[PDB]
Amino acid sequence: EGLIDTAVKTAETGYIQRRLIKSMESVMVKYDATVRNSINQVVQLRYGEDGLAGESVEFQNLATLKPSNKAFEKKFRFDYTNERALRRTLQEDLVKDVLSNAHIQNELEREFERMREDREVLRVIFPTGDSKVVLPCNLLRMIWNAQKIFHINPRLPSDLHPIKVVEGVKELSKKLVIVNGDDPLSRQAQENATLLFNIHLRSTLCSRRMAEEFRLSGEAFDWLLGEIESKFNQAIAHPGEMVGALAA
Amino acid sequence: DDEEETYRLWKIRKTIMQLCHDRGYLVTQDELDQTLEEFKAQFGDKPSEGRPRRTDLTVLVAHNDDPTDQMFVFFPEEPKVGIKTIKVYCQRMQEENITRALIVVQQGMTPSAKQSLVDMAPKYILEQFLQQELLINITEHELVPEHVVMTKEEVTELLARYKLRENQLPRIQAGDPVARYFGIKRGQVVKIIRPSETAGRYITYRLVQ
Amino acid sequence: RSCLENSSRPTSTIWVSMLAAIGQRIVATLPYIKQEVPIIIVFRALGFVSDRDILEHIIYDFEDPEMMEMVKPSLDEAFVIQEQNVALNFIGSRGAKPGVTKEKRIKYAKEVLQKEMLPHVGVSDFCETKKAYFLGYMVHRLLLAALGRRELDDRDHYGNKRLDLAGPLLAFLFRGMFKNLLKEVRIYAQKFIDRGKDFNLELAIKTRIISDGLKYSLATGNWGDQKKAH
Amino acid sequence: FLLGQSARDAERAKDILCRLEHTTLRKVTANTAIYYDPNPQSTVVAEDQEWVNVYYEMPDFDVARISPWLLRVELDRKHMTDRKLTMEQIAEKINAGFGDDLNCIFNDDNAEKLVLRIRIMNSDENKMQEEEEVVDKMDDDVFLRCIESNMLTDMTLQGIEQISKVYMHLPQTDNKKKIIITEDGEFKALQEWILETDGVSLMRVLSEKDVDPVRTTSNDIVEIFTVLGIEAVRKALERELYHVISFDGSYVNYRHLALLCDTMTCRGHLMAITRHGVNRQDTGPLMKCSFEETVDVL
Amino acid sequence: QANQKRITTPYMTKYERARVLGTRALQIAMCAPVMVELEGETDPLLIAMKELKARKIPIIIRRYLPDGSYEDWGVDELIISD
Amino acid sequence: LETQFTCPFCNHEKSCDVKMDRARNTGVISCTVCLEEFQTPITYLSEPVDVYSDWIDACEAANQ
Amino acid sequence: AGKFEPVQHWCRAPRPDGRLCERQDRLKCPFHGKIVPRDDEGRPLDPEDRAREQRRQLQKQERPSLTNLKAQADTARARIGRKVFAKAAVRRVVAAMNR
RNA sequence: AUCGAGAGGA
Ligand SMILES: [Zn+2]
Ligand SMILES: [Zn+2]
């Protein structure tokens, strides 16, 4: 029976392979980053739905999807009020700034509110709570690389001000562009094409995890932002990619 | 038996009010969420006794943007609607000066009535629904993503942004269940918002054909 | 697939089939007859006229009413034909050329029933009892299958199969070649008897037919007439 | 998928199962017989005079209209009670299907045998139209055999005609369990009854009273396209291809499946990966001829 | 299309790199002048790769858009990813 | 089977057609060239060629 | 998934004889309609349901030329025949028979 | 040299 199946299955599968190629052979990423057929009809406005090449993405976990509300708050909401925990996590001039500067405290609070909103968006996208997702830049491995390149001692307080984390992640998000243009259609399509990656970026690279868990220094964080930018741009699909023949 | 017909009539009414609200006609929250016992209280519990008659079920609604833009919903009593009944509704629409109506039919519609819906279409737009296809609102089903009918201005902005002709958009048939639900005609565009497991969200656009 | 014990002709296949008030009707696909015949008409053409006498060939124990109920629709269907001559006419109306006289249609039907239907049971006259019993056995086997009392046959079961070796394979060729040789001997000699004079048979026999037919088929492996190689 | 308590109580799930699965009279009938029973007052079947007389010793129907041919059907208790079906409903379905032209009477459920008695009711004028009493087809016993053959197989007692079988089970796998977000914000899986069917009739099933109309779905994509439209079949086709590809644990990057499903659906209708789809696009003739139908295309 | 707002990606594609290197190598083999100093390297394709890394290749890439417009980009304007 | 026949009287080929009047259990065969017609009782088993055979037999019976 | 035959109750409306009914119908009685609880003289045990049932009993108590060729087309046996011999009906039957 | 057939390899 195994010899029969080995001899008989092959014609049907090879015919399926042929028909798929002949159905998709001219489907290509254009220089406008839309995916179009030979009659120039739009099949996808961005390849995949995200503009990325398939070879440059890898499995990652969305850290905010599964936690309970208490564990989410405990892990992600920066506590600027426990002076001794700050003193154990941040150097003295940072603790003095964070304890007193109400503007910085408001920035940290609305950082957390943006994570809370992102969590509710994820809960709609992944209603079965499977956190496993495929995304371009492996953030945890890049953080582990920064930890080793810059000899980060996990047991000492960091010089990295949490406001530099908030601002740096806001500025990085503006450089990861899949849909170009200032008009509201471009702006909305850009927000959509990068929503899940930006949720992952904000939740991984939040001020509290950078203080308590990753303990990166300022120079290591400055390196991490450039690494993420460079690796994201290398993941974008190249015009002329014959993505139909690849899919077939 | 009457407990079945009254439930059917209630469900159909609820779906029609949801449809009217989604088309943008002014529908109150109270009638949008009316419960079965409130339907029994307002219209009756024995339609075989004629309580309600399906003539009692008729709906008239006006658009949120223009109180003179109005639509009927008619529930013919006969199971298989013929041209006589269409002519009666055409007359009522002419005297009330109402250009849109939905005709909800129990079993079907005659070929002559079907053609009569085509042959008056520029001045009076009549649409057919079976009652069976109104017993569930298909737009609540998890496979159906959010459909938003675009304005002509928004279509001009879309085509200008992506520098494309209408014939280069992907299509939707005018007979598509959701196109029929929204009542969209040839040459309109529907924006579709769907979640995506790789971007997070994706919008696509379909030209009605 | 009936074949006479000596291969004077190729096999002829008879099908008796049960069709998919409505009831299960049994019909025969006989050779050289254009249309399926109700089996009870075939039995009447073989000369068994009463329904009881027919069922005695098909249902060996009458105290079995489940089989009786299953033959009953076929006794109903054929009841309009009740005499052997009408049945032989009915069969002969089909297959025979439409214009021929009644005697020729009857004779055609008798010829099919003797020589073409079930030749392994016999090709002689007075074989009709043997043929009625075997055709009755065929219907009985079909009834046992329809009632689920006997299992359907397996085409893979090697008891149901035969291996044609070199001998039978060469005999198949040599029959056709000897027939073509006799044909050509008739064709040669007739244009001498048409010319009123005796012929030398040593010139009539074109020995190339056998010598090159067997040689060609063994050379190429096309097992048949060289003219029909595809 | 079921709503409400019918998702927890197995008896309510079984009630919906009976509401879906097609049951004809044959599925609940043990045997049928046709009798010459010319006087219901002295029925030739002995075992049932005690109830038959109770129907005729009252005025609602007239023995002068009764045909002497009786159709007698015996039902069996297990198949009736597995369906919560009653002979009052069976008779109601008979009279709904044939009107007043056909008379039916039935026994008490106290009996060890469930029986109903059917005969043609001849409410004609007694015209001397005596040429075979009908212009061509049949006598009443052959006609009643035809009525039996029809009633056994083309009379519906419950269910949807296309739904040949229904199964119910608890899903062991979380992909079919209901997932909820708790008040504490955790995901939780709920083990609830689902029904799986052989045969499809999505539009009828969605409209059943306790069926969850949000989650219930077919695997037939043409049914999805007909009931729910082009974007629904775009999502369902992705689900079905994903299920086939992932069944052995293999993984293919989503964008390949997405691009195939978009190619199959961008024209607004289900385009087959076959000459009947690919070679009906606006692609030029040289592209078409490289696939199939080479000479006819040109 | 106006040149003041080019909208195509500023990165050179893998296909552009491939064809630019091939075309430039064939030019060098046909005795086109070389825009870089050579450490005695003689292979036209190695020379082309030196000129690519130097940003000295005298070639314009004309990127056609789906609407039939185009953008002209110099090889020295593009970011080289390899 | 063939459903058009040569006329026994006028020898024209495919000139006779059969009308199966099932409701009256009677079959009529008519020649379009000479309009000779014949009627025979038919059964549900009966077919055009049985009507033609009945006509040829009636003709040969009249030659006696 | 369980099954039982709880039919200890009886239809207890009066017969035309004035004797009470004794038929063990489950839910509908051919002579009496939908079954309801009734007293020792057959009156419903519901002041309102006995009124709706009395109104239903009142509704039940409240409810030349040559031989036209259509007059043979209305007989009961032709009405049944047009169903049972319908081409679609006979096909759906034989489709179920082949299965 | 072509056409056809058969036997083999992965
Ligand atoms: Zn003639
Ligand atoms: Zn009673």
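Lettering of chains follows the sequences in order, A, B, ..., and the numbering in each one begins at 1.
- Ring planes of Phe192(C) and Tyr188(C): parallel class, angle under 30° (limits at 30 and 60°).
- Residues passing the salt bridge (charged side-chain N to carboxylate O under 4.0 Å, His left out) test with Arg141(A) are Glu58(A), sequence neighbours excluded.
- Residue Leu3(A) contributes atom CG, which lies 13 Å from atom P of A10(H) at whole-angstrom precision.
- Scanning for side chain to side chain donor-acceptor pair (under 3.5 Å) contacts around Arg175(C) gives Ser7(C), with sequence neighbours left out.
- Spacing between atom CG of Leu218(C) and atom P of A5(H) amounts to 20 Å, rounded to whole angstrom units.
- Straight-line distance from the NZ atom of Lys228(C) to the P atom of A5(H): 18 Å, rounded to whole Å.
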Q) What dot-bracket string describes RNA chain H from 5' to 3', counting Watson-Crick and G-U wobble pairs whose defining distances are under 3.5 Å, with [ ] for crossing pairs and | for pairs to another strand? A) ..........
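- Note that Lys161(C) lies in the cation-pi zone of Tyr158(C), set by a 6.0 Å cut-off to the ring centre and a 45° limit from the axis.
- Residue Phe59(A) places its CZ atom among more than 12 non-hydrogen atoms of other residues, nucleotides or ligands, all under 6.0 Å distant.
- Taking atom CG of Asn222(C) as the reference point, atom P of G6(H) lies 9 Å away to the nearest angstrom.
- Between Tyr242(D) and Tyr254(D), the distance separating the two ring centers is not shorter than 6.0 angstrom.
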